[PDB]
**Student:** 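Have a look at this one before I ask anything.
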Amino acid sequence: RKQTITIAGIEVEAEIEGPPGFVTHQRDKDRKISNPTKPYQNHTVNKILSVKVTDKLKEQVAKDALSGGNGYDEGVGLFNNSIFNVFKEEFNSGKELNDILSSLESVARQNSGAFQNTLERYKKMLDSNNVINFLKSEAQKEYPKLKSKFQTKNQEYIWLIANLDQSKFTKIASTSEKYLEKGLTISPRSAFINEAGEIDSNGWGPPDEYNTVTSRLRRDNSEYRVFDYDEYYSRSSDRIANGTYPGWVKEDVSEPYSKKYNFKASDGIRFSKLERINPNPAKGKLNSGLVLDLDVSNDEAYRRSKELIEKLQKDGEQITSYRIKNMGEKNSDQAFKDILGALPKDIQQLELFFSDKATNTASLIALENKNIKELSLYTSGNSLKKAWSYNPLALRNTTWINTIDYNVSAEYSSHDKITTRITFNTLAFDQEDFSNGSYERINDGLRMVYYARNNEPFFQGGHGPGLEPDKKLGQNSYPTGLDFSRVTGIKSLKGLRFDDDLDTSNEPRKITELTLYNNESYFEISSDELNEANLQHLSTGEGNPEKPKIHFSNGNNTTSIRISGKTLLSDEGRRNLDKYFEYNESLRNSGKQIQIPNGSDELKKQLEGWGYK
Amino acid sequence: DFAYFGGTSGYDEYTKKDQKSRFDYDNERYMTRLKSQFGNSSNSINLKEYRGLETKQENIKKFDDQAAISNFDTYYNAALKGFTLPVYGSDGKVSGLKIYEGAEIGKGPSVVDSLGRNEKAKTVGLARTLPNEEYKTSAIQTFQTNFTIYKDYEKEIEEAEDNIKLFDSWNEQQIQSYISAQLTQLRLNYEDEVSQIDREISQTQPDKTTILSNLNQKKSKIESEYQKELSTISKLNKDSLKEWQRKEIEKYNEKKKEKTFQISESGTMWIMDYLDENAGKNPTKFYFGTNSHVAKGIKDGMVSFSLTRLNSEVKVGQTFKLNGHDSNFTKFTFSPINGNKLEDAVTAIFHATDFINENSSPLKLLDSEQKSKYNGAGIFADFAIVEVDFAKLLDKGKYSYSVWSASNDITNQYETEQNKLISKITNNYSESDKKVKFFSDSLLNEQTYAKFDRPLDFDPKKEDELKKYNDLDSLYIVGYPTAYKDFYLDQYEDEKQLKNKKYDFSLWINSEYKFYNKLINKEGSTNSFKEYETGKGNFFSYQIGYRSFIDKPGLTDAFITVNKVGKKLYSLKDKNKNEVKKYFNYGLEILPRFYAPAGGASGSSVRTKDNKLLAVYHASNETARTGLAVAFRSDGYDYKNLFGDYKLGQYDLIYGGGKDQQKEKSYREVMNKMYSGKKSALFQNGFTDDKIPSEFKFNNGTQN
């Protein structure tokens, strides 16, 4: 312990710790609910607990925020950036002082979002406040007269930034000094000057050996991916659509196969070869791979896909990637269980491109040996729509689901196709997961996501990790929706567990949303409401303005909750009945109850259970 | 739920009542929401003469209610003879009974992108009601010249008091245009304790515009209202409109000479027929049913014509994207080449104008005194039949076609050979067996109406689902309204919702709003709705305002009830260089239950179960939550002299030969003169009068 590390060129003494290992339990192996081939770990690199800050270090961290340093934020520092450099070059021209007019024209024409974005980084100093004159170079003689002689506020305070002296700014602000004691240096892009003539920021970064995000993405792209690459970057939408990878080259080879298996180039079946540009002799695992492309929006490729997938198997030609494109694009009820079930028991890669006008992920691939560290769940539509679900049991013997290749931003054009991995906040169980009145297969599938594989990015849903994903599984995100629309016997959270069997080491999960099957205008329920699991449907937390949701597969539930059986409600029976009226809109509107003709009318608000509409 | 009925015990007696006694309950409630406003005050009859109000014992209404339920014809009795047709404003509509859905009554207009059953699509709104259609004129101004003549009568058919007191009073948006602009300059003046106030020159924004905003007040000779468009708390506060409308019309009539902007007439059609030269083998010349205010978009200045339609390949229970966003639609756009005109290939052939006007059968000779104003004006029903000749639209020497899908151009990858390309355009209506038929039964006879006469409620668990299955249905997966009022789109479905108004449309239906994303038959799922619920159409509306036949919910006679819609009666420009002519709405008409598709979907066929064409939808009222459809056929109706010499009239505007019909004013007898001796898909024995099938005759056949 108690070593030295470098953080700004400067060598510094620091307290350093190794990342806690993911503790797998032997019950996570014997239920086949842990990762099937290799235990994943999220924190690949060490932690900095404290850094001995010194005058020599914090003035180096000051000079980097002014210059940009020599890293990625070079050319966006306080006195070396695109707006500051365009203003200094005009002051360096031979013209008279009123060329300030042309600098203002360079903020009205096209650049109105680069100024009024860089301006803020000076503005807290730039508004005079009885301080600005001490940080104003030789222009301190001109300022007190010339202040009266400006035609617009911007034309004035442009003349402050273009005449500030960099040599005055060797002081760090009180908050940004404490992040430096945690070992995170001011980002030169996030640096601003506050009121007191001192450098502060809205952003701080570790040294790259201590970055948790890029070291994880590097490790995943270099060893979990088939068609691996040495970088940490996600693939572009054009790379994802064309099926191309850094350090690999693609050739179309469809002609021999089209001649063997009798298809036209228009029939929507393709074969392509990938080969690594520098081959790797040192381990025989993969240097080239045959890839099968099936555009199932075509009707020849859909008709023949199962036949072709089997003719390639009995001929013994080996496929490294199957790519199934436009699933559900033409017809949203289009089935795939017969096609996905015809694929080999042992597969290197599977890319599925689902249509978001279908959002039909109902096909299930559990009873296999292996997806060899690749399943890609992709769309060319809206990938963060609340109607995106997976069955958690459908991934049981998939080693890694692709969670990189995330390509969503506000800055894309509308009306072009962009491809990305799906964000899932829903777990959706299917009818074959509830055969004998047993709740066993669901509690396995539920804990798979919520604890047994939770340290992996895919099982975290759309919000990602906490501070320590491998240790404190409770502090991490999870899919907060449950859908039971396919599994008609479930009426409640009865028989469902939301904690790890343990308790003192982890948070218990809370769901925000619950979809239930219903078939009639009445929600029929037994007197199990005494023992529906109660506090487990409570959003993320207790104080929130927005309450959690209940939904039904029909929406016709504007007739009552029909309460059946003779047994009286308890105190938690009352509390559970409230939630179905509160959390479901089309029940909330009138609060209607039905008691079928037995018992006392222990409740005082209901109809006599007619069943007529 | 039951508050309109006085509770569950008061609803039970409404279920047991007949339609006459159901009406008397709803009409004494409709009349009190109505007489909260003081109503029609036109020419009136004295305390005698309620012998007409007793002549209603043969067919039932009430005379002083009828004078206000809407602009109805009532009575005029100074010589026991005449009609009064009203114009002194308009009257609103709702009905808190056709629904019972128990939550979202404001969604009583249909679902929008979803298919319930095969008789709705894979039969009706797919393959047959094929085209959402567009006609593009390369202009804008003919709406605005007439709307500014209307705005000029609004300006100056006005009292000298309001010539000030509607303009100089309602000037508060100019005051807001100052105090908002001032609040920018007020805040900009905060940090200028030493710095020179160059900004005082921009504070001429009050002063140099005060003289202009006061000279625009003083004259008020014809500029009789404020120059201002709209206002809100924040957005949409723009004010700039001009005044003196004949100078604004002089600007419009020169903007009309620049080919800069383009506008569309757009509506809906169904395929009804084709001319049969070649023993049915490979047809090229097709006839489409639509409505007359849509078919008048066929003008000589037209730059393009298009057909966008749901492809036959599609499956029931699916929910679509918008029409420009789903690849299950295809669009075919046609444009002229070498100075060929688009009317040389696309023609309005029948217009249903003045189709009663043989002697003694009309109604215009029955108007009391307002025939002084409504001189020369005729009668019509809003229905028209358009011919499209694809053998001279796919002729590459005269026109260029383009094929589109999901807003891609797909022309060079689509079908190319003409007989296959006409089959891919027309969803192969030639080689289909489910060709259209027309509803031959009288909807006014009691045994016909009883086939559509729904129970308000039933026991779904009991054995009498039989007799609820066996109801006749109204089907209307027809019409494509513009997507602007499509409320089923989520606030965060941005790409569908972005180009909301321009180029984009919905596949509107006649069904529960509850179906929207819920009918999807995913593998391993169970159906969430009972087979009786999705497996039907819907019915007639219990709206009081539009109804004429009181014991028949949703049946009306248009001239006694709905003779005019909006501000102005309907004009159609006649061919052969004749003048425009004005027409009142006339004929037997229907009120569909769940159908107020705003901003389009005029021309939408109402059908029944076995693909029988029943009525044509043309007007919407999204406050009534219903709208109006032209019946093709009428058995007539007799009022026992209640309305003087007036009668509903017996007619068929597809087959002709009805007792009051002009004998030259139906689809068959129009097509007989154009194509004498040839066959048709509806007329396989030819267009001659002896080849009407005996189902469509009248009086000698009383069952149809």
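Atom set for the values below is all heavy atoms of this structure, side chains included, hydrogens, waters and symmetry mates excluded. Letters go in sequence order (proteins before strands), and every chain restarts at 1.
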**Student:** Assess whether atom NZ of A:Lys613 is packed by more than 12 heavy atoms of other residues, nucleotides or ligands within 6.0 Å.
**Tutor:** yes

**Student:** Can you give each donor-acceptor pair under 3.5 Å made by side-chain atoms of residues 453-462 of chain B, sequence neighbours left out, with the distance rounded to 0.1 Å?
**Tutor:**
unit_1	atom_1	unit_2	atom_2	d
B:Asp457	OD2	B:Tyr11	OH	2.7
B:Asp459	OD1	B:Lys461	N	3.0
B:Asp459	OD1	B:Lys461	NZ	2.8
B:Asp459	OD2	B:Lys461	NZ	3.4
B:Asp459	OD2	B:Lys462	NZ	2.8
B:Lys461	NZ	A:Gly611	O	2.8

**Student:** Answer with side chain, backbone, both or neither: which region of A:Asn519 has an atom nearer than 4.5 Å to a non-hydrogen atom of chain B?
**Tutor:**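 Contact with chain B involves both backbone and side-chain atoms of A:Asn519.
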
**Student:** Against chain B, label A:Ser413 side chain, backbone, both or neither, depending on which of its atoms sit under 4.5 Å from a heavy atom there.
**Tutor:** neither

**Student:** Heavy-atom distance under 4.5 Å to chain B: side chain of A:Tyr612, backbone, both or neither?
**Tutor:** both

**Student:** Looking at B:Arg199, B:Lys518, B:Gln196, B:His325, which makes the most heavy-atom pairs under 4.5 Å with chain A?
**Tutor:**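 Among B:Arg199, B:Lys518, B:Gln196, B:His325, the one with the most close pairs to chain A is B:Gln196.
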
**Student:** Taking atom CD of A:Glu608 as the centre, does the number of heavy atoms from other residues, nucleotides or ligands within less than 6.0 Å exceed 12?
**Tutor:**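 No, CD of A:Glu608 has 12 or fewer neighbouring heavy atoms, counting only those of other groups under 6.0 Å.
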
**Student:** Under 6.0 Å from the CG atom of A:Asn130, do we count more than 12 heavy atoms belonging to anything else shown?
**Tutor:**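 No, not enclosed.
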
**Student:** If you draw a 6.0 Å radius around CD in B:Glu463, do more than 12 non-hydrogen atoms from other residues or ligands fall strictly inside?
**Tutor:** no

**Student:** Atom CD in B:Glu191, atom OG in A:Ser128: separation rounded to 0.5 Å?
**Tutor:** 9.5 Å

**Student:** In Å and rounded to the nearest 0.5 Å, what is the CD to CG distance from B:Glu313 to A:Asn331?
**Tutor:** 9.5 Å

**Student:** Chain B heavy atoms under 4.5 Å from A:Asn518: which part of the residue, side chain, backbone, both or neither?
**Tutor:**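 A:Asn518 touches chain B through backbone heavy atoms alone.
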
**Student:** Under a 4.5 Å heavy-atom cut-off, does chain A meet the side chain of B:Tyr492, its backbone, both or neither?
**Tutor:**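 Backbone only.
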
**Student:** Which atoms of A:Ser590 come close to chain B, meaning under 4.5 Å heavy atom to heavy atom: side chain ones, backbone ones, both, or neither?
**Tutor:** neither

**Student:** Around atom NZ of A:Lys386, are there more than 12 heavy atoms of other residues, nucleotides or ligands at under 6.0 Å?
**Tutor:**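 No, not enclosed.
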
**Student:** Heavy-atom distance under 4.5 Å between the side chains of A:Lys153 and B:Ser195, does that happen here?
**Tutor:** yes

**Student:** Can you run down the salt bridge (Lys or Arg N to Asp or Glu O under 4.0 Å) pairs that involve residues 487-500 of chain B, sequence neighbours left out, and say none if there aren't any?
**Tutor:** B:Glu493-B:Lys496

**Student:** Evaluate whether atom CZ of B:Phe487 has more than 12 neighbouring non-hydrogen atoms of other residues, nucleotides or ligands under 6.0 angstrom away.
**Tutor:**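 Yes - once you tally the heavy atoms of other residues, nucleotides and ligands closer than 6.0 Å, there are more than 12.
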
**Student:** Quick one: pull up CG in A:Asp333 and CD1 in B:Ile520 and give me the separation to the nearest 0.5 Å.
**Tutor:** 8.0 Å

**Student:** Please name all residues satisfying ring-ring contact (aromatic ring centres under 6.0 Å, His included) with A:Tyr580, sequence neighbours left out, ordered by chain then number.
**Tutor:** A:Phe523

**Student:** At a heavy-atom distance under 4.5 Å, which candidate from B:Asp1, B:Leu188, B:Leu519 has the highest pair count against chain A?
**Tutor:** B:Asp1

**Student:** Among side-chain atoms of B:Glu512 and A:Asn556, is any donor-acceptor pair under 3.5 angstrom?
**Tutor:** yes

**Student:** With a 3.5 Å distance limit and no angle check, can you tell me whether A:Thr558 reaches the backbone of B:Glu101 through a side-chain donor-acceptor pair?
**Tutor:** yes

**Student:** Under the side-chain contact (heavy atoms from CB on, under 4.5 Å) criterion, do B:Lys315 and A:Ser332 qualify, and how do the steps go?
**Tutor:** CA-CA 9 Å; B:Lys315 294 176 185 167; A:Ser332 309; over 6 Å; no

**Student:** In residues 522-532 of chain B, which residues are in contact with chain A at a heavy-atom separation under 4.5 Å?
**Tutor:**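 If one takes a 4.5 Å heavy-atom cut-off, the residues of residues 522-532 of chain B near chain A are B:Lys522, B:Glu523, B:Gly524, B:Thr526, B:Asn527, B:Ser528, B:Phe529, B:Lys530.
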
**Student:** Using a cut-off of 6.0 Å, state whether more than 12 heavy atoms not belonging to B:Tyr484 lie near its atom OH.
**Tutor:**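 12 or below, so no.
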
**Student:** For chain B, find which of A:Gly328, A:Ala335, A:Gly381, A:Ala362 contributes the most heavy-atom pairs closer than 4.5 angstrom.
**Tutor:** A:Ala335

**Student:** May I ask you to check whether over 12 heavy atoms, not counting those of A:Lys149, lie within 6.0 Å of atom NZ?
**Tutor:**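 No, because the 6.0 Å sphere around NZ of A:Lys149 holds 12 heavy atoms or fewer from other groups.
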
**Student:** With the side chain counted from C-beta on, respond yes when A:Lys330 and B:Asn328 share a heavy-atom pair under 4.5 Å apart, and no when they do not.
**Tutor:** yes

**Student:** Among A:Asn382, A:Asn589, A:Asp127, A:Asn360, single out the residue with the greatest number of heavy-atom pairs under 4.5 Å to chain B.
**Tutor:** A:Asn360

**Student:** Side chain, backbone, both or neither: which part of A:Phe552 has a heavy atom under 4.5 Å from chain B?
**Tutor:** backbone

**Student:** Which heavy-atom pair separates B:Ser407 from A:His415 by the least distance, and what is that distance?
**Tutor:** OG-NE2, 3.8 Å

**Student:** Sort A:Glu329 into side chain, backbone, both or neither according to what part of it lies under 4.5 angstrom from a heavy atom of chain B.
**Tutor:** both

